[PDB]
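One chain follows as structure tokens, the form deposited in one PDB entry.
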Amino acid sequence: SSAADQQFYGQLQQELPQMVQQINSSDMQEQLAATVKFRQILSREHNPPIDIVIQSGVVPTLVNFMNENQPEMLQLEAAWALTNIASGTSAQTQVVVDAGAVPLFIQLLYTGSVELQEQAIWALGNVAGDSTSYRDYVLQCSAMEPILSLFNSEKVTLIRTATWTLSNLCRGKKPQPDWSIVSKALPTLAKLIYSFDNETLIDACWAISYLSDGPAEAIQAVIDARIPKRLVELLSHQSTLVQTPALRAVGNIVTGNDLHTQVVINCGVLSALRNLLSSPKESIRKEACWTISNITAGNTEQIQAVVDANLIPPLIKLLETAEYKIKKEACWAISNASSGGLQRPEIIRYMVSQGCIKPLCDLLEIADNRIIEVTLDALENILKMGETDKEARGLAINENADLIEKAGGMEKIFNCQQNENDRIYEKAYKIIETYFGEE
């Protein structure tokens, strides 16, 4: 809060009354010259005097400066000034809305020069990003059609900002945006995930993540526009900033039904997910494991595809060494994968072969009650298989119980009989009596 910024605040509030009377002049150069001053001070990189401007009361006269009939330089300078206000606080953005700027920004998307369009589409993103009411209001003002036309230019900064704004118009669930209006952007988004500007790419994928975060209807239309093949490809992009929204978008598709999940499987999502298990970003490692558990609950054919993609060994390695936030996801994936077991014996013994047992028993100590049960679920399924092989071959010891004892796992299972949760108590009671009961 420098001495420089302070002498400007003092110089502004003596000159602001003059500034307001110049902007209300009848002369045209004067109006333009006053509007430029406001645009400039409102552009101050750090702490632009937005509340001071707003309390000068020029917002409705700036808005009128955008009208269908004003000279084009005045339209730009006002639009730019109002955009710096709309890109501030929620409260400051409300000032621009309540002054009726939104339907004018939209007309400027039809009639404006390219520089004017980029100010206007940035202003509307900031409105739309602020509230579900404001984004619905923008859509109700029929903004979608002029917004999609902006992608027919080849001015890169313009599409980039337009893609950011489109993403805000598609965002938000607590009321879901009017699908009839927002689905019109899918063809355009399907092209935009093939763009070469990183930032466009990021925001195109964020927009699809929001569009795919809803009903089967929305998820189906994402598939029909054959977006998924490119989302899976984008999982292998350089930047984690691309990877994250692409991963969330496909994650939304895998939580659809089994046919929706098969699309992205056929797309090669499992190979990409294997590599994301080694991302440097911990969030990506966590979301990858979450996505993978979502499919290890499903078809036994899907469990098998997960196993075939060599996903199990890195999952076990994350179960062993990762932060608990990630371990709990890998646990879900492993224990879903053991589901069944009975039916498909070869899966369990393969997972045992990859060193599943010790990391499973180890988490029993540090985990919450919910992850306790999924861990005991996995361990019960492993032990079940161990007894079945023992009877079918007649060997009178359970190899998987024997491997649990070797891992120091008995006492960790047996310590969970101390849990007041009756239902892990009963699972822990169930295994040690069934499998660790002989003297």
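The first residue of the sequence shown is number 1, and the count goes up from there. Take the two forms, superpose them, and find the largest set of C-alpha atoms that agree within 1.5 Å; that set is the rigid core.
Visitor: Of the two stretches 120 to 128 and 247 to 255, which shows the higher Cα B-factor on average in the entry?
Guide: Stretch with the higher mean C-alpha B-factor: 247 to 255.
Visitor: Decide which of the stretches 336 to 344 and 75 to 83 has the higher mean C-alpha B-factor, going by the entry.
Guide: Between 75 to 83 and 336 to 344, it is 336 to 344.
Visitor: At the C-alpha atoms, which of 350, 196, 206, 134 reaches the highest B-factor in this entry?
Guide: Reading the PDB entry, the winner on C-alpha B-factor is 196.
Visitor: Sort 164, 210, 105, 151 by C-alpha B-factor from the entry and give me just the highest.
Guide: Going by the entry's C-alpha B-factors, 151 comes out highest.
Visitor: Going by the CA temperature factor in the PDB record, which third of the chain does residue 242 belong to: lowest, middle or highest?
Guide: Ranked within chain, residue 242 CA B lands in the middle tercile.
Visitor: What third of its chain's C-alpha B-factors does residue 387 belong to: lowest, middle or highest?
Guide: Tercile = highest for this residue's CA B-factor.
Visitor: Could you place residue 171 in the lowest, middle or highest third of its chain by Cα temperature factor, using the values in the record?
Guide: Middle third.
Visitor: Lowest, middle or highest third of the chain for the C-alpha temperature factor of residue 428?
Guide: Middle third.
Visitor: Compare the C-alpha B factor of residue 320 with those of the other modelled residues in its chain, then answer lowest, middle or highest third.
Guide: Middle third by C-alpha B-factor.
Not pictured, yet referred to below: the form deposited in another entry.
Visitor: Under a superposition restricted to the rigid core, does residue 60 display a Cα displacement of 2 angstroms or more between this form and the one not shown?
Guide: No: residue 60 shifts by under 2 Å between this form and the one not shown.
Visitor: When the two forms are laid on each other by their rigid core, does residue 339 show a Cα shift of 2 Å or more between this form and the one not shown?
Guide: Passes the 2 Å threshold, so yes.
Visitor: Take the rigid core as the frame of reference and indicate whether the C-alpha of residue 418 shifts by 2 Å or more between this form and the one not shown.
Guide: Passes the 2 Å threshold, so yes.
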